[PDB]
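> Got run19.cif for you, mmCIF, C-alpha atoms and all ligand atoms; chains and numbers go by the auth columns:
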data_input
loop_
_atom_site.group_PDB
_atom_site.id
_atom_site.type_symbol
_atom_site.label_atom_id
_atom_site.label_comp_id
_atom_site.label_asym_id
_atom_site.label_seq_id
_atom_site.Cartn_x
_atom_site.Cartn_y
_atom_site.Cartn_z
_atom_site.B_iso_or_equiv
_atom_site.auth_seq_id
_atom_site.auth_asym_id
ATOM 1 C CA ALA A 1 0.000 0.000 0.000 0.00 1 A
ATOM 2 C CA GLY A 2 1.332 3.399 -1.029 0.00 2 A
ATOM 3 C CA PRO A 3 0.352 6.928 -2.057 0.00 3 A
ATOM 4 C CA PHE A 4 0.370 5.930 -5.742 0.00 4 A
ATOM 5 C CA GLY A 5 -1.228 2.498 -5.436 0.00 5 A
ATOM 6 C CA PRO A 6 -4.513 1.580 -7.108 0.00 6 A
ATOM 7 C CA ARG A 7 -6.417 2.991 -4.106 0.00 7 A
ATOM 8 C CA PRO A 8 -9.960 1.756 -4.866 0.00 8 A
ATOM 9 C CA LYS A 9 -12.723 4.210 -3.920 0.00 9 A
ATOM 10 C CA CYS A 10 -15.776 2.002 -3.524 0.00 10 A
ATOM 11 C CA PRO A 11 -18.435 4.792 -3.426 0.00 11 A
ATOM 12 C CA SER A 12 -17.074 6.340 -6.628 0.00 12 A
ATOM 13 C CA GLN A 13 -17.012 2.927 -8.309 0.00 13 A
ATOM 14 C CA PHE A 14 -20.631 2.418 -7.243 0.00 14 A
ATOM 15 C CA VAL A 15 -21.842 5.652 -8.825 0.00 15 A
ATOM 16 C CA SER A 16 -19.739 5.040 -11.947 0.00 16 A
ATOM 17 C CA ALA A 17 -21.425 1.606 -12.211 0.00 17 A
ATOM 18 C CA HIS A 18 -24.844 3.326 -12.287 0.00 18 A
ATOM 19 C CA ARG A 19 -25.397 2.390 -8.632 0.00 19 A
ATOM 20 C CA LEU A 20 -25.644 -1.205 -9.847 0.00 20 A
ATOM 21 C CA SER A 21 -29.078 -0.280 -11.251 0.00 21 A
ATOM 22 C CA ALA A 22 -29.573 -3.590 -13.052 0.00 22 A
ATOM 23 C CA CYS A 23 -28.588 -5.492 -9.914 0.00 23 A
ATOM 24 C CA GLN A 24 -31.119 -3.426 -7.951 0.00 24 A
ATOM 25 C CA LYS A 25 -33.853 -4.415 -10.408 0.00 25 A
ATOM 26 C CA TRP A 26 -32.752 -8.065 -10.247 0.00 26 A
ATOM 27 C CA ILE A 27 -32.665 -7.997 -6.418 0.00 27 A
ATOM 28 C CA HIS A 28 -36.159 -6.483 -6.363 0.00 28 A
ATOM 29 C CA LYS A 29 -37.490 -9.137 -8.765 0.00 29 A
ATOM 30 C CA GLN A 30 -36.076 -11.965 -6.645 0.00 30 A
ATOM 31 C CA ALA A 31 -37.286 -10.434 -3.375 0.00 31 A
ATOM 32 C CA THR A 32 -40.944 -10.262 -4.374 0.00 32 A
ATOM 33 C CA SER A 33 -40.892 -13.970 -5.309 0.00 33 A
ATOM 34 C CA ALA A 34 -40.302 -14.938 -1.662 0.00 34 A
ATOM 35 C CA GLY A 35 -42.616 -17.658 -0.402 0.00 35 A
ATOM 36 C CA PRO B 1 -32.243 -21.443 -22.471 0.00 1 B
ATOM 37 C CA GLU B 2 -28.624 -21.775 -21.332 0.00 2 B
ATOM 38 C CA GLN B 3 -27.947 -18.034 -21.517 0.00 3 B
ATOM 39 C CA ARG B 4 -28.927 -16.110 -18.406 0.00 4 B
ATOM 40 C CA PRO B 5 -31.805 -13.626 -18.162 0.00 5 B
ATOM 41 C CA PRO B 6 -30.760 -10.381 -19.863 0.00 6 B
ATOM 42 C CA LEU B 7 -31.248 -8.311 -16.704 0.00 7 B
ATOM 43 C CA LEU B 8 -28.916 -10.574 -14.718 0.00 8 B
ATOM 44 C CA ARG B 9 -26.243 -10.177 -17.400 0.00 9 B
ATOM 45 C CA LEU B 10 -26.586 -6.386 -17.231 0.00 10 B
ATOM 46 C CA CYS B 11 -26.079 -6.625 -13.465 0.00 11 B
ATOM 47 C CA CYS B 12 -22.970 -8.764 -13.870 0.00 12 B
ATOM 48 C CA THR B 13 -21.521 -6.238 -16.335 0.00 13 B
ATOM 49 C CA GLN B 14 -22.086 -3.447 -13.801 0.00 14 B
ATOM 50 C CA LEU B 15 -20.466 -5.485 -11.017 0.00 15 B
ATOM 51 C CA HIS B 16 -17.420 -6.002 -13.255 0.00 16 B
ATOM 52 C CA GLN B 17 -16.914 -2.223 -13.224 0.00 17 B
ATOM 53 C CA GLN B 18 -15.884 -2.567 -9.566 0.00 18 B
ATOM 54 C CA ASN B 19 -12.893 -4.061 -7.792 0.00 19 B
ATOM 55 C CA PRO B 20 -13.520 -7.401 -6.018 0.00 20 B
ATOM 56 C CA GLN B 21 -12.930 -5.917 -2.575 0.00 21 B
ATOM 57 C CA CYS B 22 -15.647 -3.292 -3.253 0.00 22 B
ATOM 58 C CA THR B 23 -18.321 -5.673 -4.548 0.00 23 B
ATOM 59 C CA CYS B 24 -19.899 -6.811 -1.263 0.00 24 B
ATOM 60 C CA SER B 25 -19.997 -3.318 0.269 0.00 25 B
ATOM 61 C CA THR B 26 -21.634 -1.872 -2.839 0.00 26 B
ATOM 62 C CA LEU B 27 -24.135 -4.733 -3.092 0.00 27 B
ATOM 63 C CA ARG B 28 -25.155 -4.082 0.520 0.00 28 B
ATOM 64 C CA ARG B 29 -25.698 -0.427 -0.403 0.00 29 B
ATOM 65 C CA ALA B 30 -27.714 -1.488 -3.459 0.00 30 B
ATOM 66 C CA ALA B 31 -29.853 -3.831 -1.347 0.00 31 B
ATOM 67 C CA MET B 32 -30.576 -1.118 1.216 0.00 32 B
ATOM 68 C CA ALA B 33 -31.515 1.259 -1.608 0.00 33 B
ATOM 69 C CA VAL B 34 -34.001 -1.236 -3.125 0.00 34 B
ATOM 70 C CA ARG B 35 -35.468 -2.173 0.232 0.00 35 B
ATOM 71 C CA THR B 36 -36.229 1.427 1.147 0.00 36 B
ATOM 72 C CA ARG B 37 -37.127 2.845 -2.269 0.00 37 B
ATOM 73 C CA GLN B 38 -39.564 -0.017 -2.933 0.00 38 B
ATOM 74 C CA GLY B 39 -40.877 -0.222 0.640 0.00 39 B
ATOM 75 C CA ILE B 40 -40.079 -3.922 0.981 0.00 40 B
ATOM 76 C CA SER B 41 -41.173 -4.890 4.496 0.00 41 B
ATOM 77 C CA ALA B 42 -42.484 -8.475 4.466 0.00 42 B
ATOM 78 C CA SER B 43 -39.912 -10.493 6.396 0.00 43 B
ATOM 79 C CA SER B 44 -39.316 -13.245 3.828 0.00 44 B
ATOM 80 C CA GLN B 45 -39.051 -10.683 1.011 0.00 45 B
ATOM 81 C CA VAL B 46 -36.527 -8.595 2.960 0.00 46 B
ATOM 82 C CA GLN B 47 -34.439 -11.665 3.788 0.00 47 B
ATOM 83 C CA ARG B 48 -34.520 -12.877 0.179 0.00 48 B
ATOM 84 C CA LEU B 49 -33.614 -9.364 -1.034 0.00 49 B
ATOM 85 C CA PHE B 50 -30.418 -9.236 1.005 0.00 50 B
ATOM 86 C CA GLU B 51 -29.579 -12.887 0.284 0.00 51 B
ATOM 87 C CA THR B 52 -29.910 -12.354 -3.464 0.00 52 B
ATOM 88 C CA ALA B 53 -27.553 -9.381 -3.247 0.00 53 B
ATOM 89 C CA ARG B 54 -24.984 -11.331 -1.231 0.00 54 B
ATOM 90 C CA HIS B 55 -25.023 -14.209 -3.736 0.00 55 B
ATOM 91 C CA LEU B 56 -24.730 -12.063 -6.873 0.00 56 B
ATOM 92 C CA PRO B 57 -20.914 -12.330 -7.137 0.00 57 B
ATOM 93 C CA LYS B 58 -21.362 -16.113 -7.226 0.00 58 B
ATOM 94 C CA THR B 59 -24.433 -15.895 -9.479 0.00 59 B
ATOM 95 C CA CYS B 60 -22.172 -13.851 -11.800 0.00 60 B
ATOM 96 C CA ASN B 61 -19.075 -16.126 -11.501 0.00 61 B
ATOM 97 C CA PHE B 62 -17.083 -13.358 -9.762 0.00 62 B
ATOM 98 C CA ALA B 63 -14.769 -16.066 -8.467 0.00 63 B
ATOM 99 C CA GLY B 64 -12.442 -13.743 -6.550 0.00 64 B
ATOM 100 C CA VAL B 65 -15.283 -12.809 -4.155 0.00 65 B
ATOM 101 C CA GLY B 66 -17.671 -15.702 -3.603 0.00 66 B
ATOM 102 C CA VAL B 67 -20.763 -15.119 -1.496 0.00 67 B
ATOM 103 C CA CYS B 68 -20.749 -11.962 0.611 0.00 68 B
ATOM 104 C CA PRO B 69 -20.970 -12.406 4.392 0.00 69 B
ATOM 105 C CA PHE B 70 -24.252 -11.955 6.197 0.00 70 B
ATOM 106 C CA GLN B 71 -24.789 -8.605 7.896 0.00 71 B
ATOM 107 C CA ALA B 72 -27.772 -7.858 10.129 0.00 72 B
ATOM 108 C CA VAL B 73 -30.693 -6.468 8.145 0.00 73 B
ATOM 109 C CA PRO B 74 -31.795 -2.903 9.181 0.00 74 B
HETATM 110 LI LI LI C . -10.799 3.533 0.764 0.00 101 A
#
Would you write the structure of this file as structure tokens?
Ligand SMILES: [Li+]

Amino acid sequence: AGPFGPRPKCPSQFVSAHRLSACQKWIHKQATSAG
Amino acid sequence: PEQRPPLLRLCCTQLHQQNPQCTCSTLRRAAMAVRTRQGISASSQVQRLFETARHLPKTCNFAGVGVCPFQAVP
């Protein structure tokens, strides 16, 4: 680990990945099938 | 069909835009967002919501992550 390492920024990656919008829709679809 | 549902594939492509060690944290955030925005409250639905999110790296073959650990549901 160093000042010039890859240094992942998870919140920035999340927004860049559209807040995982398709995963959110998939999660929602699975959730309402419960029971 | 042997190909996955198109929506699942779109999700896996989005997950691949993140580093492995960010995937579980961001999926927890995504699950919380769905749960609140959609008003999911029925216990089995809430449990299945968070479980689905935690399994998505494995559903997607994100081998470097596996299944995300359980965290208490809000
Ligand atoms: Li960080």
> Taking all atoms listed in the file into account, which residues have an atom no farther than 10 Å from ligand LI 101 (chain A)? I'd like them as a list in words.
residues 7, 8, 9, 10 and 11 of chain A; 22 of chain B
> Quick one: which residues from chain B are at most 7 Å off chain A, using all atoms listed in the file, as a VMD selection string?
chain B and resid 7 to 8 10 to 11 14 to 15 17 to 18 22 26 30 to 31 34 44 to 46 48 to 49 52 to 53
> Please compute the CA of residue 65 in chain B-CA of residue 1 in chain A distance, one decimal, in Å.
20.4 Å
> Between CA of residue 5 in chain B and CA of residue 41 in chain B, what distance in Å does the model show, to one decimal?
26.0 Å
> Rounded to one decimal place, report the CA of residue 70 in chain B-CA of residue 35 in chain B distance in Å.
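Separating CA of residue 70 in chain B from CA of residue 35 in chain B is a distance of 16.0 Å.
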> Can you turn the PyMOL selection byres (((chain B and resi 67) around 8) and not hetatm) into a concrete residue list for this file, as a list in words?
residues 54, 55, 56, 57, 58, 65, 66, 68 and 69 of chain B
> Using only C-alpha atoms, determine which residues lie at most 9 Å from range 72-74 of chain B, disregarding the query and same-chain residues fewer than 4 positions distant; provide the list as JSON, numbers by chain.
{"B": [32, 46, 47, 50]}
> Generate a file of the selected residues that holds C-alpha atoms, formatted as a compact mmCIF listing (two decimals), in the frame of the given file.

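In the end it all went to part_26.txt:
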# COMPACT_ATOMS: atom_id res chain seq x y z
CA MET B 32 -30.58 -1.12 1.22
CA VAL B 46 -36.53 -8.60 2.96
CA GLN B 47 -34.44 -11.66 3.79
CA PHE B 50 -30.42 -9.24 1.00
> Between B:42, B:64, B:71, B:4, single out the one closest to residue 27 in chain B, counting all atoms listed in the file.
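Counting all atoms listed in the file, the residue closest to residue 27 in chain B is B:71.
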> Return as lines of an AutoDock Vina configuration file the box centre and box size in Å, one decimal, for an axis-aligned box around all listed atoms of range 45-50 of chain B padded by 8 Å per side.

center_x = -34.7
center_y = -10.7
center_z = 1.4
size_x = 24.6
size_y = 20.3
size_z = 20.8
